[PDB]
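For reference, the chain that follows is the form deposited in one PDB entry, supplied as structure tokens.
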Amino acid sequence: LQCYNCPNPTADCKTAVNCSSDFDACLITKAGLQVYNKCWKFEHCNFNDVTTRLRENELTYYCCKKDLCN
């Protein structure tokens, strides 16, 4: 379960890493332009529950749950 993402608001970075254990729902947030991509708890990709702790509102996040999914 890896993840093609970057910790801070990175528009030019999605290094591949692995952070699941209890959260393999790899969320990719796309707020305005900065994508808040981080790892997530499978049982939390409802609506804004993903970018809730990562700034929520009317974004367009895509959370995969299989592997880097990128």
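The first residue of the sequence shown is number 1, and the count goes up from there.
Separately, the form solved in complex with a partner chain exists; it is not shown, and the next lines address it.
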> Is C45 close enough to its partner chain in the deposited bound form to count, meaning some heavy atom within 4.5 Å?
Replying inline: yes
>> Against its partner chain in the deposited bound form, would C19 count as a contact residue? Criterion: heavy atoms within 4.5 Å.
In response: no
> Even though its partner chain is not shown here, does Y62 get within 4.5 Å of it in the deposited bound form, heavy atoms only?
Replying inline: yes
